[PDB]
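K.L.:
Model the following, please.
(chains A and B, ligands or ions: 11)
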Amino acid sequence: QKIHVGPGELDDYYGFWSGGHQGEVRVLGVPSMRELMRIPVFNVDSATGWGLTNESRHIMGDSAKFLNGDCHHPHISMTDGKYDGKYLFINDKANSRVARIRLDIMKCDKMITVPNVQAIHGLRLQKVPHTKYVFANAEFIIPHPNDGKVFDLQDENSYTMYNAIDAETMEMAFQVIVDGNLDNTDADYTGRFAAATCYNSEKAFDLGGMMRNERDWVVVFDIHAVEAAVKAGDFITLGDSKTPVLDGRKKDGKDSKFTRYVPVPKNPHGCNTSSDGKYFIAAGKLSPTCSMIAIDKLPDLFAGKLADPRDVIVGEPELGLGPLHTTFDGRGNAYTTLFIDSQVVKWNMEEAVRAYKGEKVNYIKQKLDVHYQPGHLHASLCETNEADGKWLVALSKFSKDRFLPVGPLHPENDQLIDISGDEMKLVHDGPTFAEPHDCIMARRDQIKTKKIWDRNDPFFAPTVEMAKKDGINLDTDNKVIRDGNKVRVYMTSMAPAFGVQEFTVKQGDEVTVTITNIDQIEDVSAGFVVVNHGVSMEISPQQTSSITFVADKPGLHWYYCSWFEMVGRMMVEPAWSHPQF
Amino acid sequence: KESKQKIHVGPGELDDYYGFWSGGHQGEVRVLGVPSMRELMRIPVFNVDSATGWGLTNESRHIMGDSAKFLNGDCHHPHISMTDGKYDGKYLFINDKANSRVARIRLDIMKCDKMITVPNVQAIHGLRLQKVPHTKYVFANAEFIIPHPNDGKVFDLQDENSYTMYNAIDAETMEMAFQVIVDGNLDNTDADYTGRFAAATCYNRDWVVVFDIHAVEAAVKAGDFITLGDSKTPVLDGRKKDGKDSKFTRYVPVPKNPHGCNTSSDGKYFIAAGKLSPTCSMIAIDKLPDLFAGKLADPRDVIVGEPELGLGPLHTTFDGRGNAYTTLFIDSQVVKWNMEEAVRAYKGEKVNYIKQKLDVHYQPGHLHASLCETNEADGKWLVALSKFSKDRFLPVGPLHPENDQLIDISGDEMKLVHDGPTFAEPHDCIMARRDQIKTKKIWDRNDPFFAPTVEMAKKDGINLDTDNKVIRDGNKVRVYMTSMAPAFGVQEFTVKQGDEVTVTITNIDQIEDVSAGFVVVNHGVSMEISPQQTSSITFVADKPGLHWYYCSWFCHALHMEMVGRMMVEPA
Ligand code: CUZ
Ligand code: CUA
Ligand SMILES: [Ca+2]
Ligand SMILES: [Cl-]
Ligand SMILES: [Cl-]
Ligand SMILES: [Cl-]
Ligand SMILES: [K+]
Ligand code: NA
Ligand code: NA
Ligand SMILES: [Zn+2]
Ligand SMILES: [Zn+2]
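P.N.:
Residues are numbered from 1 along each chain as shown, chains lettered A, B, ... in the order given. Ligands and ions are numbered 1, 2, ... in the order given. Provided below are the atomic coordinates:
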């Protein structure tokens, strides 16, 4: 299998990397592991203007006031258990958001702050019949209401919730109150069931408290039951949020209709659906095991056909110290990170099931040393029924001596591993910034990108509407609209000239500059920077972009095209020559 | 004779060089390993970095000063300080064209430690360092002509007081040293190997303006200068007046809208790339004393070569073996040529100085050979940074990566060996040998980077190395804590809604690589605390109720559980 991509050759896979606490999404070529693009999401990007432009701030909403995010879990939308290449979704643990990225333009196009929760961590997508819901865990228990009356996590109204977002509308669909908390989550291959690990069944705030119980659990959600209660109006609402809220807590040992709690040791972490749809596999973390939940036994479990929730466990292989996450080659093998032993362990799932029945059989096939302390791992197409068994990325948290020293802060080590054969082969050490936690690969032919914008693209349609109100045809017009102390500049751009090369305003005016790149050649992006005003943005071919700033300094102020004589001048008349307020 | 260096750095092997890439319009500096071309680290400078909290923390905002209000930068030209014409590994400097700044990066901690807004100018673009006897000055071009004063009375760019200026910054103090008014616009700049001369390409035939830095220093020492506005910076007038020269400058006619301005590693030439002219112009540095002394009949007499090379020459670099390498933007090539043969051709000899043209993909701007800015230029690696990558990488939407192409120059024939895609047009880069960079493994508790925070802690009676304390001061709350995986030293505290909370964390772990983080959920608060570092961040607790904070940097098996609670009592 070819590991090295030479000049003129192209990568075989796209890789979509979480940006970690840096807040972006990164597009890599696989197997070269080179970074092809950065997609700003929760970060403010000087280069494109994301977080500065009106289009981007409109998408972020009120959360545009935050300059940070913390992402972990990128996932690609699916149709019938296969990637359809439409959307990528990712979490923000820092400011409790989910974002949607459109894979045709490689931009974030939608963002939501999840109501009545703190810290969106675990995230994964419904697989079947398609990605109708984005499933997202809120990790931290909080009071409801959280108004400063009650701080006690043991209060009956202190809890966290499982969250379902409508993937197409990026509005909330429902939330389910759970016992304990929520770590990671995955969905089955039918649409009925989703599942999440919990590490804080104790509802504690201290370290020893969260570690007390020998078993926490994975909570299983009957999504069909949830939907039926919503359609029946059997729900409540919290605060000013209209989101339907269902109670999936146990009441005095009696289960709700919406959830079952399968005891799993111990502070379990990863929650991974095998690519054949047979299992939710929970990684034991503090227990040296994974627990294999038989999805085929879940209907009987919710129908009371089983005596003990543990009856849905059909395997619990002992694997090594600190199992965190599991992935799949599509050949029947699972691959699990061992954080403490610092390895990836390859094991056969059907043999583990047989060992759980007492059959003496060695289900462990290989242990590969990684460098060092691996967290997530990802095999190519592992989240689909097309899991191809070719590439594996293990994302390790301490790179130590594997790269040149660069000061007290080290890179992460994302190691590419060839799993096409019976023996795992470490082929490449990939240093990355700010701790990507996890990544997702797609075949080259699963992603179809636009090379030039459509003039009706929803990304800037609000700006087109604003322009229409000013009587502006954006494809042609080079005009300065004045409106009190507001100035709206509209111009076309075509290399190497701005359509408006100078304009004059009064000191203190609020200036909006809207630029429509009317070029039609690929790769010829333009930029716009106003010197010493903190203004910067990208305008690609046929895109309209706009940015608003206060002309707070009198005098002449240059603007220039960043993304390459293509310059202009803003002239600001001093306040003392104009009416005084 | 052959170019046959190994390019593969396999698992467990280390790169041979550091590469320092400009972050382009994204505003950071990036550390790469060469020849693997992998990005080892991002150093935030003019960008706001969610990961480390640069732009959010009190330490970073103190370094940025008032310019902390800007969330953008536009970087181009990274350079490493020198002693006796060789890299000394102390500092890296870089420009900000967008908000007119220069930043200094300390190469032992790989952080920006100083930043200056250059007064009375717009857009710092070209930038290079004094070489000899060391980098006493950072030389920086302000690109755009503006009125002086720029107070809104005069907008006329032809006015006698409309001009731009060449800027000298004291590398060690990061304060302005002096500014020189010039005729025309400044493009790129470089310095000689004595400390006496610097040069910059100019567009108003245009010119290369040469600065006699010794003459400038003498005028400053004598008090023969003016100041502009409210800046104390000495300002000298390097313009021609009624055709008569300043003592500070000479204008050497050079075709045509010349762009790159590069000092050859043997110290013989300032080489200006011709752009609109399919040539480079070679200025003999050893004729400059005669030029300034009035012993030459014509400023053109310092030109000793003008080789014809191809369409669109933009920048030049050196292998230390006598060859120059120049980017041809239109022809989309690197052309390797012999400088002494070009000089003889200029005198009329029949000699072909062109050695090879290598196709690059596509439209190269800057290029950089390893150690090319030093008298130790080693002729091993070349990076050409091309603007239009077209079909050289997988498609990724309407925006495309820059193509930074690694070229083996160790032998007679240039060999293209790697295409490296990069984000936001890095534009230019610089390389250093592995052994020229020495980095700290853990922070020093006396480090100036957070010394102002240590001072604040001292005013509160706090021993940062041990204390876990909450200081109440009106509506201000100052939390001080130690951190040691997997526990914050203060795991809960209570404030009043509206309070201004400062959280100062000292990571007292001693193990390399065990960094800690701090994030306050739904408050826009995030920062890094590496081993032995103190970091602080200020935010207002504007929301009543229980608000979680957690460690963002995976540091331990129990990392998910390294958390705390801020309790905010309602108004
Ligand atoms: Cu957020 S956790 Cu194992 Cu996913 Cu990294
Ligand atoms: Cu300390 Cu994560
Ligand atoms: Ca527990
Ligand atoms: Cl998981
Ligand atoms: Cl140059
Ligand atoms: Cl040679
Ligand atoms: K790390
Ligand atoms: Na929204
Ligand atoms: Na400063
Ligand atoms: Zn440049
Ligand atoms: Zn250039």
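K.L.:
Could you check how many residues crowd around residue A:6?
P.N.:
Using other CB atoms under 10 Å in any protein chain shown, residue A:6 has 12 other residues around it. Backbone N, C-alpha and C define where each C-beta goes, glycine included.
K.L.:
mind listing what whatever residue of the stretch 201-350 of chain A ends up closest to ligand 4 touches?
P.N.:
In the stretch 201-350 of chain A, the residue that lies nearest ligand 4 is residue A:270 (3.8 Å; CB to the ion). Going by CB atoms under 8 Å, 6 or more residues apart in numbering or on different chains, residue A:270 touches A:184, A:197, A:281, A:282, A:283, A:323, A:324, A:325, A:326, A:336, A:337, A:376.
K.L.:
what about the spatially closest residue to residue A:115 that is not a sequence neighbour, how many neighbours?
P.N.:
Counting by CB to CB, 6 or more residues apart in numbering or on different chains, residue A:115 lies nearest to residue A:241, which is 3.9 Å off, once chain neighbours are set aside. By other CB under 10 Å, the residues close to residue A:241 number 13.
K.L.:
did I read that right, residue A:241 in a helix?
P.N.:
No - counting by DSSP: H, G, I helix; E, B strand; the rest coil, residue A:241 is not found in a helix; it is coil.
K.L.:
and it, what does it touch?
P.N.:
Residue A:241 neighbours (CB under 8 Å, 6+ apart): A:115, A:116, A:172.
K.L.:
How about residue A:128?
P.N.:
Residues counted as contacts of residue A:128 (CB under 8 Å, 6+ apart) are A:78, A:80, A:81, A:188, A:189, A:190, A:191.
K.L.:
where exactly do the strands run in the stretch 451-581 of chain A?
P.N.:
Using DSSP state E, counting those that start in this stretch, the strands of the stretch 451-581 of chain A run over A:479-483, A:486-494, A:497-498, A:502-506, A:510-517, A:526-530, A:535-539, A:544-550, A:555-560, A:567-573.
K.L.:
Buried ones among the contacts of residue A:128?
P.N.:
Listed as buried from the contacts of residue A:128 are A:78, A:81, A:188, A:189, A:190, A:191; burial here means 16 or more other CB atoms under 10 Å in any protein chain shown.
K.L.:
Enumerate every residue touching the fourth one.
P.N.:
Meaning residue A:189. Here residue A:189 is in contact with A:81, A:127, A:128, A:273, A:277, A:295, A:385 (CB under 8 Å, 6+ apart).
K.L.:
Confirm for me that the first one is in contact with residue A:126.
P.N.:
In other words, residue A:81. No - using CB atoms under 8 Å, residue A:81 makes no contact with residue A:126, being 10.1 Å away.
K.L.:
which one is residue A:248 nearest to, not counting chain neighbours?
P.N.:
Excluding the flanking residues, the one nearest residue A:248 by CB to CB, 6+ apart is residue A:259, at 3.7 Å.
K.L.:
Any buried residues in stretch A:192-204, and which?
P.N.:
A:192-204.
K.L.:
picking up where we left off before, and the contacts of residue A:128 as a markdown table, adding secondary structure and distance to residue A:65?
P.N.:
Formatted as a markdown table, the contacts of residue A:128 follow (DSSP: H, G, I helix; E, B strand; the rest coil; distance: CB to CB, whole Å):
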| residue | secondary structure | distance to residue A:65 |
| --- | --- | --- |
| A:78 | strand | 33 |
| A:80 | coil | 40 |
| A:81 | coil | 39 |
| A:188 | coil | 38 |
| A:189 | coil | 40 |
| A:190 | coil | 41 |
| A:191 | coil | 37 |
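K.L.:
Among those residues, which ones lie close to ligand 3?
P.N.:
For ligand 3, no contacts are drawn from the contacts of residue A:128 by CB under 5 Å from the ion.
K.L.:
From residue A:397, how far off is the closest residue to ligand 3 within the stretch 401-550 of chain A?
P.N.:
Distances between the stretch 401-550 of chain A and ligand 3 by CB to the ion are smallest at residue A:437, namely 20.7 Å. Using CB to CB, to the nearest Å, we find residue A:437 at a distance of 9 Å from residue A:397.
K.L.:
Common neighbours of those two, please.
P.N.:
Here residue A:437 and residue A:397 share the contacting residues A:375, B:554, scored by CB under 8 Å, 6+ apart.
K.L.:
hang on, the earlier thing: between the contacts of residue A:189, which is nearest ligand 2?
P.N.:
Each of these was checked against ligand 2 using CB to the nearest ligand atom; the closest is residue A:273, at 26.7 Å.
K.L.:
need the contact list for residue A:389.
P.N.:
For residue A:389, the contacting residues are A:329, A:330, A:331, A:379, A:380, A:419, A:420, by CB under 8 Å, 6+ apart.
K.L.:
would you say it is within a strand?
P.N.:
No - according to three-state DSSP, residue A:389 belongs to no strand; its state is coil.
K.L.:
nearest spatial neighbour of it, skipping sequence neighbours?
P.N.:
Leaving aside its sequence neighbours, residue A:389 sits nearest to residue A:329 (CB to CB, 6+ apart; 3.5 Å).
K.L.:
Residue A:417 is in contact with the one you found, correct?
P.N.:
No - counting by CB under 8 Å, residue A:329 stays clear of residue A:417, with 10.9 Å between them.
K.L.:
And these two? Which one has more around it.
P.N.:
Comparing residue A:329 with residue A:417 by other CB under 10 Å, the one with more neighbours is residue A:329, at 23 against 20.
K.L.:
Now do the phi/psi pair for that one.
P.N.:
Here is the backbone geometry of residue A:329 (degrees, to the nearest 10): phi -90, psi -10.
K.L.:
which SS class is the nearest residue to residue A:462 once chain neighbours are set aside?
P.N.:
Among residues not flanking residue A:462 along the chain, residue A:58 sits closest, at 5.9 Å (CB to CB, 6+ apart). Under the three-state scheme (three-state DSSP), residue A:58 adopts helix.
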